[PDB]
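Visitor: As input, take upload-v6.txt (compact mmCIF, C-alpha atoms and all ligand atoms):
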# COMPACT_ATOMS: atom_id res chain seq x y z
CA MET C 1 56.43 49.33 73.43
CA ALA C 2 56.16 51.31 76.67
CA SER C 3 59.19 51.76 78.92
CA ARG C 4 57.47 50.82 82.20
CA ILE C 5 55.14 48.11 83.47
CA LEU C 6 52.43 48.63 86.09
CA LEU C 7 52.91 46.71 89.34
CA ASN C 8 50.17 45.48 91.64
CA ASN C 9 51.17 48.13 94.21
CA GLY C 10 50.14 50.84 91.72
CA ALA C 11 53.69 51.93 90.83
CA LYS C 12 55.41 51.69 87.44
CA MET C 13 58.65 49.74 86.96
CA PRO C 14 61.11 50.31 84.09
CA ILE C 15 61.29 47.16 81.98
CA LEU C 16 65.02 47.58 81.39
CA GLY C 17 67.42 47.77 84.31
CA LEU C 18 71.15 47.49 84.98
CA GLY C 19 72.41 44.38 86.74
CA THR C 20 75.25 44.68 89.26
CA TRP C 21 76.22 41.13 90.31
CA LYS C 22 80.01 40.72 89.74
CA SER C 23 80.41 44.40 88.85
CA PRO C 24 83.75 45.21 90.46
CA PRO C 25 83.53 47.85 93.20
CA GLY C 26 86.17 49.95 91.41
CA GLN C 27 84.14 49.96 88.19
CA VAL C 28 80.49 49.89 89.23
CA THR C 29 80.26 53.57 90.23
CA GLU C 30 81.17 54.64 86.70
CA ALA C 31 78.94 51.88 85.24
CA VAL C 32 75.90 53.19 87.08
CA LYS C 33 76.75 56.82 86.25
CA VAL C 34 77.01 55.95 82.56
CA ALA C 35 73.83 53.90 82.72
CA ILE C 36 71.84 56.80 84.17
CA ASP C 37 73.41 59.22 81.66
CA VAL C 38 72.30 57.05 78.71
CA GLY C 39 68.77 56.45 79.97
CA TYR C 40 68.62 53.66 82.54
CA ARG C 41 66.22 54.36 85.38
CA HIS C 42 66.28 50.95 87.11
CA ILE C 43 69.25 49.41 88.94
CA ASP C 44 69.19 45.85 90.31
CA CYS C 45 71.24 45.48 93.50
CA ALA C 46 71.82 43.10 96.40
CA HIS C 47 73.61 43.13 99.72
CA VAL C 48 75.32 39.83 98.88
CA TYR C 49 76.93 41.42 95.78
CA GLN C 50 79.13 43.45 98.21
CA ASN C 51 79.09 46.58 96.03
CA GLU C 52 76.01 48.51 97.17
CA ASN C 53 78.10 51.33 98.67
CA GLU C 54 79.72 51.95 95.29
CA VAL C 55 76.41 51.68 93.42
CA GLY C 56 75.05 54.21 95.89
CA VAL C 57 77.86 56.68 95.22
CA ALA C 58 76.74 56.78 91.57
CA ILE C 59 73.04 57.13 92.37
CA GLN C 60 73.73 59.94 94.84
CA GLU C 61 75.97 61.81 92.43
CA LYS C 62 73.36 61.70 89.66
CA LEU C 63 70.67 62.89 92.10
CA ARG C 64 72.99 65.68 93.30
CA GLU C 65 73.80 66.65 89.68
CA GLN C 66 70.03 66.68 88.98
CA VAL C 67 70.47 64.33 86.03
CA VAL C 68 67.42 62.52 87.42
CA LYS C 69 64.98 62.97 90.28
CA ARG C 70 64.58 60.26 92.92
CA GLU C 71 60.97 59.60 91.85
CA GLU C 72 62.26 58.78 88.34
CA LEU C 73 64.59 56.05 89.61
CA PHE C 74 63.54 52.51 90.41
CA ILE C 75 66.06 50.93 92.78
CA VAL C 76 65.79 47.25 93.67
CA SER C 77 67.65 45.29 96.33
CA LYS C 78 67.32 41.92 97.99
CA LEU C 79 67.27 40.42 101.49
CA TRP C 80 70.06 37.86 101.78
CA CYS C 81 69.42 34.32 103.09
CA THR C 82 71.17 34.87 106.45
CA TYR C 83 68.62 37.59 107.35
CA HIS C 84 65.34 35.65 107.10
CA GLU C 85 64.77 35.99 110.89
CA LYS C 86 61.98 38.42 111.96
CA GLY C 87 64.36 40.45 114.11
CA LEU C 88 66.97 40.84 111.36
CA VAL C 89 64.93 41.93 108.32
CA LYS C 90 64.58 45.63 109.17
CA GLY C 91 68.29 46.00 109.93
CA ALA C 92 69.22 44.25 106.70
CA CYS C 93 66.98 46.59 104.74
CA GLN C 94 68.34 49.64 106.57
CA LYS C 95 71.96 48.59 105.89
CA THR C 96 71.15 48.35 102.19
CA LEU C 97 69.41 51.77 102.33
CA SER C 98 72.42 53.28 104.07
CA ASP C 99 74.85 51.81 101.54
CA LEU C 100 72.72 52.87 98.55
CA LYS C 101 72.25 56.32 100.22
CA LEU C 102 68.50 56.08 99.85
CA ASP C 103 65.56 56.78 102.15
CA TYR C 104 63.45 54.06 100.47
CA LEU C 105 63.73 51.22 97.98
CA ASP C 106 61.30 50.95 95.10
CA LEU C 107 61.36 47.16 95.42
CA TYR C 108 62.84 44.79 97.99
CA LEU C 109 63.00 41.07 97.21
CA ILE C 110 63.49 37.93 99.24
CA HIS C 111 66.64 36.90 97.34
CA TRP C 112 66.11 33.12 97.70
CA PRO C 113 63.36 31.13 99.44
CA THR C 114 66.06 29.43 101.56
CA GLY C 115 66.88 30.87 104.98
CA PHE C 116 70.38 30.26 106.35
CA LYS C 117 71.83 30.49 109.86
CA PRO C 118 72.52 34.16 110.71
CA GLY C 119 76.08 35.33 111.18
CA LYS C 120 78.94 36.95 109.32
CA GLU C 121 79.18 34.25 106.63
CA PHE C 122 76.82 34.54 103.69
CA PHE C 123 76.96 30.74 103.19
CA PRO C 124 77.36 29.19 106.66
CA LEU C 125 78.51 25.59 106.21
CA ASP C 126 78.68 22.55 108.43
CA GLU C 127 81.91 20.54 108.38
CA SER C 128 80.72 18.46 105.42
CA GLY C 129 79.98 21.46 103.22
CA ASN C 130 76.20 21.62 103.51
CA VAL C 131 74.63 25.01 104.08
CA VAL C 132 73.26 25.41 107.58
CA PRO C 133 69.54 26.28 107.37
CA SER C 134 67.44 28.60 109.48
CA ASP C 135 64.12 27.25 110.77
CA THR C 136 62.34 30.46 109.73
CA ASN C 137 59.76 29.72 107.02
CA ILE C 138 59.02 31.83 103.98
CA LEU C 139 55.67 32.98 105.40
CA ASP C 140 57.17 34.59 108.50
CA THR C 141 59.89 36.18 106.38
CA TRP C 142 57.11 37.54 104.14
CA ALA C 143 55.32 39.09 107.14
CA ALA C 144 58.59 40.82 108.02
CA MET C 145 58.79 42.16 104.45
CA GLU C 146 55.24 43.49 104.75
CA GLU C 147 56.30 45.46 107.83
CA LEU C 148 58.89 47.28 105.70
CA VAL C 149 56.12 48.60 103.44
CA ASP C 150 54.17 49.75 106.48
CA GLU C 151 57.22 51.56 107.89
CA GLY C 152 57.92 53.41 104.64
CA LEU C 153 61.30 51.76 103.96
CA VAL C 154 60.19 50.14 100.70
CA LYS C 155 57.45 50.91 98.17
CA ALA C 156 57.03 47.31 96.98
CA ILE C 157 58.07 43.85 98.08
CA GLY C 158 58.63 40.71 96.07
CA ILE C 159 60.40 37.40 95.75
CA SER C 160 63.21 35.85 93.74
CA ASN C 161 63.93 32.25 92.72
CA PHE C 162 60.57 31.09 94.07
CA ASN C 163 59.08 28.09 92.29
CA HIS C 164 55.37 27.96 91.51
CA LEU C 165 54.48 26.09 94.72
CA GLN C 166 56.44 28.65 96.76
CA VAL C 167 54.72 31.55 95.01
CA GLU C 168 51.43 29.78 95.73
CA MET C 169 52.39 29.40 99.40
CA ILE C 170 52.81 33.17 99.69
CA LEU C 171 49.59 33.88 97.78
CA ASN C 172 47.75 31.48 100.09
CA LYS C 173 49.37 32.83 103.29
CA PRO C 174 46.84 33.23 106.10
CA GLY C 175 46.34 36.94 106.66
CA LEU C 176 48.36 37.97 103.59
CA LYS C 177 48.58 41.77 103.57
CA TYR C 178 50.56 42.52 100.38
CA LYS C 179 50.94 40.23 97.39
CA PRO C 180 54.42 39.95 95.93
CA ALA C 181 54.81 42.57 93.19
CA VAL C 182 57.60 40.73 91.36
CA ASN C 183 59.20 37.30 91.07
CA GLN C 184 62.76 37.69 89.76
CA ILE C 185 63.92 34.46 88.10
CA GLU C 186 66.55 33.26 85.66
CA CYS C 187 65.22 33.45 82.11
CA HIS C 188 66.77 33.30 78.64
CA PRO C 189 66.44 31.13 75.50
CA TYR C 190 68.05 28.13 77.25
CA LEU C 191 65.71 28.43 80.29
CA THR C 192 62.50 29.83 78.90
CA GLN C 193 60.29 29.36 81.98
CA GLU C 194 56.91 29.20 80.18
CA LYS C 195 55.09 27.50 83.04
CA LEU C 196 56.34 29.69 85.89
CA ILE C 197 55.95 32.91 83.89
CA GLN C 198 52.35 32.07 82.91
CA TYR C 199 51.48 31.31 86.52
CA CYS C 200 52.97 34.50 87.91
CA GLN C 201 51.50 36.72 85.21
CA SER C 202 48.07 35.12 85.72
CA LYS C 203 48.25 36.25 89.36
CA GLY C 204 49.31 39.80 88.50
CA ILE C 205 52.92 39.25 89.57
CA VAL C 206 55.47 40.84 87.23
CA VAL C 207 58.40 38.64 86.28
CA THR C 208 61.96 39.97 86.03
CA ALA C 209 64.40 37.94 83.90
CA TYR C 210 67.91 37.68 85.27
CA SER C 211 71.05 36.44 83.50
CA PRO C 212 69.42 37.27 80.14
CA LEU C 213 72.77 36.95 78.33
CA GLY C 214 73.57 33.66 80.04
CA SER C 215 75.96 35.27 82.54
CA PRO C 216 79.22 34.65 80.65
CA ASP C 217 81.20 35.99 83.64
CA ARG C 218 79.56 33.64 86.19
CA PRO C 219 82.40 32.34 88.39
CA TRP C 220 81.53 28.64 87.94
CA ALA C 221 81.50 28.77 84.15
CA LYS C 222 82.77 25.65 82.48
CA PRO C 223 83.59 26.58 78.88
CA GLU C 224 81.91 23.24 78.08
CA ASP C 225 78.63 25.05 78.80
CA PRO C 226 76.27 26.39 76.13
CA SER C 227 76.82 30.03 75.14
CA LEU C 228 73.88 32.23 74.16
CA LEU C 229 76.04 35.04 72.86
CA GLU C 230 77.88 32.63 70.56
CA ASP C 231 74.86 30.56 69.41
CA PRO C 232 74.84 30.83 65.61
CA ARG C 233 71.03 30.51 65.56
CA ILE C 234 70.65 33.61 67.75
CA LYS C 235 73.41 35.44 65.89
CA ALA C 236 71.41 34.84 62.70
CA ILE C 237 68.29 36.49 64.13
CA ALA C 238 70.44 39.43 65.27
CA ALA C 239 72.02 39.77 61.82
CA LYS C 240 68.58 39.80 60.18
CA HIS C 241 67.54 42.72 62.40
CA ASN C 242 70.86 44.58 62.11
CA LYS C 243 71.27 44.31 65.90
CA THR C 244 73.76 42.59 68.19
CA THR C 245 73.10 39.19 69.71
CA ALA C 246 72.94 40.85 73.15
CA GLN C 247 70.28 43.26 71.87
CA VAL C 248 68.17 40.33 70.64
CA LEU C 249 68.62 38.57 74.00
CA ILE C 250 67.41 41.71 75.82
CA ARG C 251 64.48 42.42 73.49
CA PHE C 252 63.26 38.80 73.77
CA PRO C 253 62.04 39.00 77.43
CA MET C 254 60.69 42.53 76.84
CA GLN C 255 58.25 41.12 74.27
CA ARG C 256 57.08 38.52 76.82
CA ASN C 257 56.00 41.38 79.15
CA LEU C 258 59.01 40.73 81.38
CA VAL C 259 61.41 43.13 83.02
CA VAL C 260 65.05 42.40 82.11
CA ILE C 261 68.28 43.36 83.90
CA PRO C 262 71.42 42.78 81.80
CA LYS C 263 74.69 43.44 83.64
CA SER C 264 77.67 45.32 82.23
CA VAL C 265 80.51 47.47 83.47
CA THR C 266 81.61 48.28 79.90
CA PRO C 267 80.36 51.75 78.91
CA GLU C 268 79.88 50.85 75.22
CA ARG C 269 77.86 47.76 76.15
CA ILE C 270 75.80 49.60 78.76
CA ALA C 271 74.72 51.97 75.98
CA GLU C 272 74.26 49.12 73.42
CA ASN C 273 72.07 47.19 75.82
CA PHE C 274 69.69 50.13 76.22
CA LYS C 275 69.17 50.57 72.45
CA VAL C 276 66.44 47.97 72.27
CA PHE C 277 63.28 50.10 72.02
CA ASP C 278 63.44 50.69 68.26
CA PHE C 279 63.11 47.22 66.73
CA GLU C 280 60.69 44.31 67.04
CA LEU C 281 61.20 40.56 66.98
CA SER C 282 58.52 38.79 64.95
CA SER C 283 56.25 36.17 66.50
CA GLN C 284 58.22 33.61 64.48
CA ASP C 285 61.47 35.01 65.97
CA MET C 286 59.95 34.73 69.46
CA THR C 287 58.78 31.15 68.99
CA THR C 288 62.12 30.24 67.44
CA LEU C 289 64.00 31.67 70.44
CA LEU C 290 61.63 29.83 72.81
CA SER C 291 62.44 26.60 70.97
CA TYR C 292 66.03 26.75 72.21
CA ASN C 293 65.00 25.86 75.78
CA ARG C 294 67.16 23.22 77.40
CA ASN C 295 66.37 23.85 81.08
CA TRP C 296 69.94 25.10 81.62
CA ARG C 297 70.59 27.21 84.74
CA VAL C 298 73.32 29.70 85.50
CA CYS C 299 72.13 29.83 89.09
CA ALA C 300 72.10 26.61 91.01
CA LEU C 301 74.27 25.70 93.95
CA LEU C 302 75.15 22.21 95.12
CA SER C 303 75.82 23.23 98.73
CA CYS C 304 72.19 24.32 99.13
CA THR C 305 70.36 21.48 97.35
CA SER C 306 69.31 19.64 100.54
CA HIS C 307 67.73 22.76 102.05
CA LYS C 308 64.04 22.06 102.60
CA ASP C 309 63.15 25.14 100.55
CA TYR C 310 65.57 24.57 97.68
CA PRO C 311 63.55 25.78 94.72
CA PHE C 312 64.74 23.71 91.75
CA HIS C 313 63.69 20.17 92.68
CA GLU C 314 60.17 20.96 91.46
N1 LIG C 401 67.95 37.19 91.86
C1 LIG C 401 69.02 36.42 91.66
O1 LIG C 401 69.22 35.39 92.29
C2 LIG C 401 69.96 36.82 90.57
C3 LIG C 401 70.83 35.88 90.04
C4 LIG C 401 71.65 36.22 88.98
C5 LIG C 401 71.59 37.51 88.48
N2 LIG C 401 70.77 38.44 89.02
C6 LIG C 401 70.74 39.84 88.53
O2 LIG C 401 70.67 39.82 87.10
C7 LIG C 401 71.80 40.55 86.58
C8 LIG C 401 72.18 40.03 85.20
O3 LIG C 401 72.60 38.67 85.27
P1 LIG C 401 74.14 38.23 85.23
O4 LIG C 401 75.00 39.29 85.84
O5 LIG C 401 74.18 36.86 85.82
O6 LIG C 401 74.53 38.04 83.68
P2 LIG C 401 74.11 38.68 82.25
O7 LIG C 401 73.51 40.03 82.42
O8 LIG C 401 73.36 37.60 81.55
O9 LIG C 401 75.56 38.74 81.57
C9 LIG C 401 76.56 39.63 82.07
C10 LIG C 401 77.82 39.37 81.25
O10 LIG C 401 77.57 39.71 79.88
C11 LIG C 401 78.54 40.66 79.44
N3 LIG C 401 77.86 41.59 78.51
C12 LIG C 401 76.97 42.52 78.88
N4 LIG C 401 76.51 43.19 77.81
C13 LIG C 401 77.13 42.64 76.74
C14 LIG C 401 77.08 42.90 75.38
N5 LIG C 401 76.28 43.88 74.87
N6 LIG C 401 77.86 42.16 74.56
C15 LIG C 401 78.65 41.19 75.05
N7 LIG C 401 78.75 40.89 76.34
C16 LIG C 401 77.99 41.63 77.19
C17 LIG C 401 79.08 41.31 80.69
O11 LIG C 401 80.41 41.79 80.47
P3 LIG C 401 80.97 43.21 81.03
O12 LIG C 401 80.27 43.50 82.33
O13 LIG C 401 82.46 42.94 81.17
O14 LIG C 401 80.64 44.22 79.95
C18 LIG C 401 79.05 40.16 81.68
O15 LIG C 401 80.17 39.30 81.48
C19 LIG C 401 72.85 40.41 87.66
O16 LIG C 401 73.95 41.29 87.52
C20 LIG C 401 72.01 40.64 88.90
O17 LIG C 401 71.75 42.04 89.00
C21 LIG C 401 69.96 38.11 90.05
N1 LIG C 402 69.93 28.93 98.07
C1 LIG C 402 70.71 29.36 97.04
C2 LIG C 402 71.55 30.46 97.18
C3 LIG C 402 72.34 30.90 96.12
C4 LIG C 402 72.31 30.22 94.90
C5 LIG C 402 73.13 30.62 93.69
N2 LIG C 402 73.82 31.88 93.90
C6 LIG C 402 75.12 31.97 94.17
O1 LIG C 402 75.81 30.98 94.31
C7 LIG C 402 75.67 33.34 94.41
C8 LIG C 402 76.53 33.50 95.47
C9 LIG C 402 77.04 34.74 95.78
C10 LIG C 402 76.66 35.81 95.00
CL1 LIG C 402 77.31 37.41 95.39
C11 LIG C 402 75.79 35.69 93.93
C12 LIG C 402 75.29 34.43 93.64
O2 LIG C 402 74.44 34.25 92.59
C13 LIG C 402 73.67 35.33 92.11
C14 LIG C 402 72.55 35.63 93.08
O3 LIG C 402 72.22 34.77 93.94
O4 LIG C 402 72.01 36.75 92.93
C15 LIG C 402 71.48 29.12 94.77
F1 LIG C 402 71.41 28.49 93.59
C16 LIG C 402 70.69 28.69 95.82
I'd like the structure from this file rewritten - as structure tokens, please.
Ligand SMILES: NC(=O)c1ccc[n+]([C@@H]2O[C@H](COP(=O)([O-])OP(=O)(O)OC[C@H]3O[C@@H](n4cnc5c(N)ncnc54)[C@H](OP(=O)(O)O)[C@@H]3O)[C@@H](O)[C@H]2O)c1
Ligand SMILES: Nc1ccc(CNC(=O)c2ccc(Cl)cc2OCC(=O)O)c(F)c1

Guide:
Amino acid sequence: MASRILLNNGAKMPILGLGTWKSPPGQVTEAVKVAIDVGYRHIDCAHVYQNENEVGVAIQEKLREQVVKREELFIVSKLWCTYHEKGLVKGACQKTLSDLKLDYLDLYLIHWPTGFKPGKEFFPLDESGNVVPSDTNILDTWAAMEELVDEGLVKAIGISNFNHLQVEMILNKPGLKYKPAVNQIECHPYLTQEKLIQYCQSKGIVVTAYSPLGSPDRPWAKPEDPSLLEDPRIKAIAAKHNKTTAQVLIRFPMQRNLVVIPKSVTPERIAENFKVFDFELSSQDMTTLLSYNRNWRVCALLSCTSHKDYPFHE
């Protein structure tokens, strides 16, 4: 299987990338350096993760060392919810560029379809704990994203956590100039996403699977929760293939024509997670993994559920 997938902007995107949510700022520079040294060419970033400066130090050092050329890297970041206003989008993108020490992003995503009140707080709350919305709709935010392409700041734009009706809203936008290249959504054997993936792929939108290992370090983890890495059924498939459970969980979305972005700051695991191009899951393996769906989400947030554009009511 090829290492990159063709996007609808004409560029190629590596199907395996390194995630950086929760990667501590004192560890993520070495994580990204190791990742690039062992073959990763795609890093998934976001302003809200608060570690883009440190990710950028690694990228810049590997460019300076000539381990890789800039054109060989595929760097992704995301517009946070408090920057959905027309007059804030360019500055948000430029801050991310400055932190990552880049002149352009390969892909810039609307992180969530929900706009929040601008300000210093990433989750502005009213006194009862509800997030305070912005009245800026996803279509105007999309037009602002299109401007970034036309100013040379980003090569591609896309969306994240958009449900099928929200994707449709963008695709049906009056005067749409650029289609979204990517929809980045949660996807793993407990949230298999058949309907949304089919829809996006049918429209030429590439899907990126996040939390492919079930995000065991998510901060709201109840150890009551189901655990992909510990599921004996998935462990059995891994054993059959002489691979780790994580390697099976990463190969699974690859064989669905998805991009996948496992996170690690552990050098041994960063390398392990990349060694997934030399085995194949059978169709029976794939269908068996799909059968484990239970519509379980890592990423949901109670404080935002009354937002008009909350994506997971549908
Ligand atoms: N667009 C969005 O809204 C959104 C939401 C969630 C995530 N994402 C992106 O997707 C990325 C991945 O998702 P995620 O961070 O939620 O979780 P994940 O990649 O599913 O899981 C990360 C966890 O798995 C551990 N791990 C990694 N490789 C392992 C291995 N080979 N064996 C055992 N454990 C392993 C990591 O530990 P160590 O790091 O300690 O090794 C970490 O605790 C994020 O970092 C972010 O870039 C995007
Ligand atoms: N509208 C909205 C916004 C955020 C979430 C869930 N995400 C988080 O709670 C979250 C908060 C801070 C950070 Cl740094 C990361 C988070 O999740 C991962 C992500 O959103 O990429 C959500 F479920 C809905």

Visitor: If we count all atoms listed in the file, what is near stretch 138-144 of chain C at a cut-off of 12 Å, once residues fewer than 3 positions away on the same chain are taken out, given as a ChimeraX atom specification?

Guide: /C:79-93,108-116,134-135,147-151,153-154,157-160,162,165-180,308-311

Visitor: Tell me, as a PyMOL selection string, which residues lie within 10 Å of stretch 208-211 of chain C, counting all atoms listed in the file; anything in the same chain fewer than 3 positions away does not count.

Guide: chain C and resi 15-17+19+21+44+160+182-188+192-193+197+205+214-216+218+250+253-254+257-263+297-299

Visitor: Could you name the residues that touch residue C:294 at 7 Å or less, counting all atoms listed in the file, but leaving out those on the same chain fewer than 2 positions away, as number ranges by chain?

Guide: C: 190-191, 292, 296

Visitor: Just the residues within 10 Å of residue C:27, please, counting all atoms listed in the file, with nothing from its chain fewer than 6 positions along; format it as a PyMOL selection string.

Guide: chain C and resi 51+54-55+264-266

Visitor: How big is the axis-aligned box, and where does its centre sit, when it encloses all atoms of ligand LIG 401 (chain C) listed in the file and has 8 Å added on every side, reported in Å to one decimal as AutoDock Vina command-line options?

Guide:
--center_x 75.2 --center_y 39.8 --center_z 83.4 --size_x 30.5 --size_y 24.8 --size_z 33.7

Visitor: What's the separation between atom CA of residue C:229 and atom CA of residue C:213, in Å to one decimal place?

Guide: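 Those two atoms sit 6.7 Å apart.
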
Visitor: Skipping near chain neighbours, those fewer than 4 positions away, what residues fall within 12 Å of residue C:289 using all atoms listed in the file, listed as a VMD selection string?

Guide: chain C and resid 187 to 192 228 231 to 238 245 248 to 253 255 to 256 281 to 285 293 to 294

Visitor: Quote the spacing between atom CA of residue C:8 and atom CA of residue C:181 in Å to one decimal place.

Guide: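 Between atom CA of residue C:8 and atom CA of residue C:181 the gap is 5.7 Å.
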
Visitor: So how many Å separate atom CA of residue C:223 and atom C14 of ligand LIG 402 (chain C), to one decimal?

Guide: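 Between atom CA of residue C:223 and atom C14 of ligand LIG 402 (chain C) the gap is 20.1 Å.
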
Visitor: For a quick check of understanding, using only C-alpha atoms and all ligand atoms, which of C:125, C:45, C:290, C:276 has the smallest distance to ligand LIG 401 (chain C)?

Guide: C:45

Visitor: Considering all atoms listed in the file, state which residue in the set C:120, C:47, C:69, C:12 is at the smallest distance from ligand LIG 401 (chain C).

Guide: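 Of C:120, C:47, C:69, C:12, the one nearest ligand LIG 401 (chain C), counting all atoms listed in the file, is C:47.
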
Visitor: Using all atoms listed in the file, pick whichever of C:48, C:5, C:97, C:58 has the shortest atom-to-atom distance to residue C:35.

Guide: C:58

Visitor: Using all atoms listed in the file, can you tell me which of C:23, C:3, C:202, C:295 comes closest to ligand LIG 402 (chain C)?

Guide: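 Closest candidate: C:23.
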